[PDB]
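Novice: To be precise about what I am sending: the file is called protein-v3.cif and holds mmCIF, C-alpha atoms.
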```cif
data_structure
#
loop_
_atom_site.label_atom_id
_atom_site.label_comp_id
_atom_site.auth_asym_id
_atom_site.auth_seq_id
_atom_site.Cartn_x
_atom_site.Cartn_y
_atom_site.Cartn_z
CA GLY A 1 73.42 26.88 -12.60
CA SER A 2 74.24 23.12 -12.80
CA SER A 3 75.06 20.40 -15.42
CA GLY A 4 72.58 17.52 -16.10
CA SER A 5 73.20 13.81 -16.92
CA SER A 6 71.31 11.17 -19.02
CA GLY A 7 69.98 8.33 -16.74
CA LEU A 8 69.28 5.93 -19.70
CA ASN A 9 68.74 5.76 -23.51
CA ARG A 10 66.83 2.99 -25.41
CA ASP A 11 65.76 4.47 -28.81
CA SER A 12 67.37 4.80 -32.30
CA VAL A 13 67.09 8.68 -32.40
CA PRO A 14 70.07 10.47 -30.65
CA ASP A 15 69.86 13.22 -27.97
CA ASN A 16 72.19 15.45 -30.12
CA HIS A 17 70.61 15.00 -33.63
CA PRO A 18 71.67 18.03 -35.85
CA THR A 19 68.51 18.18 -38.14
CA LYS A 20 65.64 16.39 -36.32
CA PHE A 21 64.52 18.03 -33.00
CA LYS A 22 62.09 16.56 -30.43
CA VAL A 23 59.29 19.13 -29.72
CA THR A 24 56.07 19.49 -27.64
CA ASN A 25 53.34 21.99 -28.68
CA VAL A 26 51.97 24.24 -25.84
CA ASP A 27 49.01 26.51 -24.96
CA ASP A 28 49.02 30.11 -23.54
CA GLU A 29 49.64 28.67 -20.02
CA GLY A 30 52.64 26.57 -21.33
CA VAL A 31 50.80 23.20 -20.81
CA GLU A 32 52.10 20.29 -22.96
CA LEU A 33 49.41 19.33 -25.55
CA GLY A 34 51.13 16.87 -27.96
CA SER A 35 54.60 15.62 -29.01
CA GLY A 36 56.29 15.71 -32.48
CA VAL A 37 59.64 15.89 -34.36
CA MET A 38 60.62 19.22 -35.98
CA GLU A 39 62.54 19.07 -39.32
CA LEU A 40 64.35 21.94 -41.10
CA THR A 41 65.27 21.62 -44.83
CA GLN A 42 66.85 23.95 -47.43
CA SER A 43 63.23 24.35 -48.78
CA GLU A 44 60.97 24.95 -45.68
CA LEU A 45 60.16 24.23 -42.01
CA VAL A 46 58.51 20.76 -41.47
CA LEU A 47 56.91 19.02 -38.43
CA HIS A 48 56.30 15.24 -38.18
CA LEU A 49 53.36 14.13 -35.95
CA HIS A 50 51.27 10.89 -35.51
CA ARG A 51 48.87 9.35 -38.17
CA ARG A 52 47.70 12.99 -38.82
CA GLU A 53 49.60 14.39 -41.86
CA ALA A 54 52.86 16.35 -41.35
CA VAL A 55 52.71 20.19 -41.01
CA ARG A 56 54.85 22.54 -43.15
CA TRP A 57 55.68 26.30 -43.14
CA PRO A 58 57.69 28.03 -45.98
CA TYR A 59 60.40 30.42 -44.72
CA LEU A 60 59.03 33.22 -46.99
CA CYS A 61 55.74 33.04 -44.95
CA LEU A 62 57.65 33.42 -41.61
CA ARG A 63 57.49 37.19 -40.92
CA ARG A 64 58.97 36.77 -37.38
CA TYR A 65 60.45 34.01 -35.17
CA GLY A 66 62.10 33.67 -31.75
CA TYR A 67 63.25 31.52 -28.84
CA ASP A 68 63.81 31.19 -25.08
CA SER A 69 66.04 28.86 -22.92
CA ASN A 70 63.59 25.87 -23.27
CA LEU A 71 61.02 27.24 -25.83
CA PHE A 72 60.85 27.88 -29.63
CA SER A 73 58.16 30.14 -31.20
CA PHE A 74 57.25 31.63 -34.63
CA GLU A 75 54.55 33.58 -36.54
CA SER A 76 53.30 32.02 -39.82
CA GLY A 77 51.33 34.07 -42.41
CA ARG A 78 47.87 33.53 -44.03
CA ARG A 79 49.39 31.34 -46.86
CA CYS A 80 50.03 27.97 -45.03
CA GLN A 81 48.12 24.78 -43.98
CA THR A 82 47.48 25.94 -40.33
CA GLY A 83 46.33 29.47 -41.33
CA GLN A 84 47.81 32.64 -39.79
CA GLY A 85 49.01 32.20 -36.17
CA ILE A 86 51.75 32.13 -33.49
CA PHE A 87 52.91 28.53 -32.81
CA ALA A 88 55.10 27.57 -29.80
CA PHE A 89 56.92 24.41 -28.70
CA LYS A 90 59.04 23.25 -25.73
CA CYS A 91 62.57 22.03 -26.60
CA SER A 92 65.87 21.99 -24.58
CA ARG A 93 67.66 22.60 -27.97
CA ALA A 94 65.41 25.59 -29.04
CA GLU A 95 68.51 27.83 -29.59
CA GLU A 96 69.83 25.37 -32.25
CA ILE A 97 66.38 25.34 -33.99
CA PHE A 98 66.39 29.19 -34.03
CA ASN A 99 69.99 29.33 -35.39
CA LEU A 100 69.34 26.58 -38.01
CA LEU A 101 66.08 28.36 -39.09
CA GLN A 102 67.83 31.69 -39.82
CA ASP A 103 70.73 29.85 -41.59
CA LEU A 104 68.50 27.91 -44.04
CA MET A 105 66.39 31.01 -44.90
CA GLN A 106 69.57 33.14 -45.50
CA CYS A 107 71.01 30.38 -47.82
CA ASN A 108 68.44 31.60 -50.44
CA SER A 109 69.52 34.51 -52.74
CA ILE A 110 67.94 37.54 -50.89
CA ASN A 111 69.15 41.14 -50.38
CA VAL A 112 69.54 42.15 -46.66
CA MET A 113 71.04 45.08 -44.65
CA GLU A 114 71.30 46.66 -41.15
CA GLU A 115 68.48 48.92 -39.79
CA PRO A 116 67.34 50.33 -36.37
CA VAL A 117 64.65 48.58 -34.24
CA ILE A 118 61.33 50.55 -34.14
CA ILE A 119 58.63 50.42 -31.38
CA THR A 120 55.88 47.88 -32.38
CA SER A 121 52.28 48.86 -31.51
CA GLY A 122 49.58 46.49 -30.08
CA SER A 123 45.85 46.09 -30.96
CA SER A 124 42.53 47.54 -29.59
CA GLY A 125 41.34 44.05 -28.35
CA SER A 126 39.71 41.13 -30.25
CA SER A 127 38.31 37.59 -29.48
CA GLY A 128 36.42 34.56 -30.95
CA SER A 129 36.09 30.73 -30.79
CA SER A 130 37.32 27.44 -32.44
CA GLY A 131 37.10 27.53 -36.30
CA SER A 132 39.61 25.63 -38.49
CA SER A 133 41.74 22.63 -37.29
CA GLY A 134 45.53 22.51 -36.56
CA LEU A 135 48.03 23.17 -33.71
CA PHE A 136 47.35 25.69 -30.88
CA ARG A 137 47.48 29.37 -32.02
CA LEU A 138 48.72 31.80 -29.29
CA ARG A 139 47.13 35.28 -28.79
CA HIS A 140 50.60 36.74 -27.92
CA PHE A 141 54.33 35.98 -28.59
CA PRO A 142 55.87 33.98 -25.64
CA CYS A 143 59.65 34.25 -26.43
CA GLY A 144 61.77 37.25 -25.25
CA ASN A 145 64.01 37.11 -28.39
CA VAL A 146 62.51 38.13 -31.82
CA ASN A 147 64.15 38.03 -35.29
CA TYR A 148 62.63 38.95 -38.71
CA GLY A 149 62.43 36.86 -41.93
CA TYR A 150 61.68 37.83 -45.57
CA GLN A 151 61.16 41.60 -46.22
CA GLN A 152 59.76 43.68 -49.15
CA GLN A 153 57.85 46.95 -49.87
#
```
Would you put the structure from the file into structure tokens?
Specialist:
Amino acid sequence: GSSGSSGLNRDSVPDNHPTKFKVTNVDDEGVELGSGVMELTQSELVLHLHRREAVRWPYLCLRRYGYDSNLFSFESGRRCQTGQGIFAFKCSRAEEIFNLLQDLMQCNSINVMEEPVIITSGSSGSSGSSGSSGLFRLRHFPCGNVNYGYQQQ
């Protein structure tokens, strides 16, 4: 357990920005694929990339989301531009993305209460190959913390 220090800075975007967050998308081995800037509005989750158009996920289509000490991950439903999948990104500020995410989705007028955690079952095994385009979809959830979004019968 030790404190770091910034060796240099030479860019207009700060290291402590409260709404933009520097992110790097990863595979199931944690290998860095491509860089981007994550954005979190009072309307939805947003992700700015290169000349390829920006990627967006409404908070009502986030069934579950989580984080680790250097990693941010979430599950997006079958109603968004990337299709259904688990999407994961490296970030040293991942805890602030997770806290900001749950804050902006609870700012909407929604009923919510306390309930016990129930054992989640797996699947009998499934596989395939590359279909539609987008960011890397994980087969499993990589973060040890999990928190749940919108809920209805």
Novice: Which residue, A:102, A:123, A:133, A:111, has the smallest gap to residue A:83 when you use only C-alpha atoms?
Specialist: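 Counting only C-alpha atoms, the residue closest to residue A:83 is A:133.
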Novice: Excluding residue A:80 and residues on its chain fewer than 6 positions from it, collect all residues at most 12 Å away from it, counting all atoms listed in the file, and give them as a list in words.
Specialist: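 Result of the neighbour search: residues 44, 45, 46, 55, 56, 57, 58, 59, 60, 61, 62 and 134 of chain A.
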Novice: If you apply the PyMOL selection byres ((chain A and resi 25) around 6) to this file, what residues do you get, as a short mmCIF file (atom, residue, chain, number, x, y, z; two decimals) with C-alpha atoms, in the coordinates of the input?
Specialist:
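Below you can see out.cif, which holds the result:
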```cif
data_model
loop_
_atom_site.label_atom_id
_atom_site.label_comp_id
_atom_site.auth_asym_id
_atom_site.auth_seq_id
_atom_site.Cartn_x
_atom_site.Cartn_y
_atom_site.Cartn_z
CA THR A 24 56.07 19.49 -27.64
CA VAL A 26 51.97 24.24 -25.84
CA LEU A 33 49.41 19.33 -25.55
CA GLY A 34 51.13 16.87 -27.96
CA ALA A 88 55.10 27.57 -29.80
CA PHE A 89 56.92 24.41 -28.70
#
```
Novice: Pull out every residue that the PyMOL selection byres ((chain A and resi 73) around 9) matches in the shown coordinates and put them as a PyMOL selection string.
Specialist: chain A and resi 65-68+71-72+74-75+86-90+94+98+141-143
Novice: Could you tell me which of A:64, A:15, A:3, A:52 comes closest to residue A:101 if we count all atoms listed in the file?
Specialist: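 Among the listed residues, the smallest separation from residue A:101 belongs to A:64.
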Novice: What is the distance between atom CA of residue A:82 and atom CA of residue A:136, in Å to one decimal?
Specialist: 9.5 Å
Novice: Can you tell me how far atom CA of residue A:50 sits from atom CA of residue A:19, in Å to one decimal?
Specialist: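 Calculated distance between atom CA of residue A:50 and atom CA of residue A:19 is 18.9 Å.
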Novice: Spell out the residues picked by the PyMOL selection byres ((chain A and resi 18) around 12) here, as a VMD selection string.
Specialist: chain A and resid 13 to 17 19 to 22 38 to 41 93 to 94 96 to 97 99 to 100
Novice: Could you check how far atom CA of residue A:31 sits from atom CA of residue A:146, in Å to one decimal?
Specialist: 21.9 Å
Novice: Taking (67.7, 44.4, -35.8) in the coordinates of the supplied file, I want to know which residues reach to within 10 Å of it, counting only C-alpha atoms; could you give the answer as a PyMOL selection string?
Specialist: chain A and resi 113-118+146-148
Novice: With distances taken over only C-alpha atoms, which of A:23, A:54, A:110, A:47 is nearest to residue A:70?
Specialist: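 Between A:23, A:54, A:110, A:47, the residue approaching residue A:70 most closely is A:23.
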